[PDB]
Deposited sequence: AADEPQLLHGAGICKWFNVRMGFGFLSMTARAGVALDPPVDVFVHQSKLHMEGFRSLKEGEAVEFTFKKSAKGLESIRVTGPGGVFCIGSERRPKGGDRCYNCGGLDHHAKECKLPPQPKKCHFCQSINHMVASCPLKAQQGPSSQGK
């Protein structure tokens, strides 16, 4: 197993530095306690325009072992949706050009308006509570 499916949240991200880390809470579908850190480089972020991540945002991804540690290959939001980033987007896909009613993609589960988590909604967001 060289290519593995990961899911967690953004641990931290330095936008100027172009990198950060992900806190991997589930590896290959199985839950992780304590979470394991996975490196992210801006170039591997599925986003429209300028790439970045925001601390705590929900990510799903694929990763591999590297000489420096664990390296993510492609980083998306839950369900392959675009990431949020830092410094108005479709409720279904995160796309900037349109709204959920005009979305060409298959319907996706409701994601937290703040962090994109599929587990809660904005009104009960732990990240927002900061």
property	result
Chain regions without C-alpha coordinates, deposited sequence numbering	1 to 4, 92 to 97, 141 to 148
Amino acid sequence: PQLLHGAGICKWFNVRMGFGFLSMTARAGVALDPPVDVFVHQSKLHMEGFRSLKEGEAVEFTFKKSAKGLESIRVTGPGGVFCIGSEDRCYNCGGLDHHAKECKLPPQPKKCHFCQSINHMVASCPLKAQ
From here on, numbers count along this sequence of modelled residues.
property: Per the entry, higher mean C-alpha B factor between 100 to 108 and 56 to 64; result: 100 to 108
property: Stretch with the greater mean C-alpha B-factor as recorded in the entry, comparing 31 to 39 against 70 to 78; result: 31 to 39
property: Where the record places residue 121 (Cα B-factor, split into thirds across the chain); result: highest
property: Where the record places residue 4 (Cα B-factor, split into thirds across the chain); result: middle
property: Residue 93 by Cα B-factor - lowest, middle or highest third of the modelled chain; result: middle
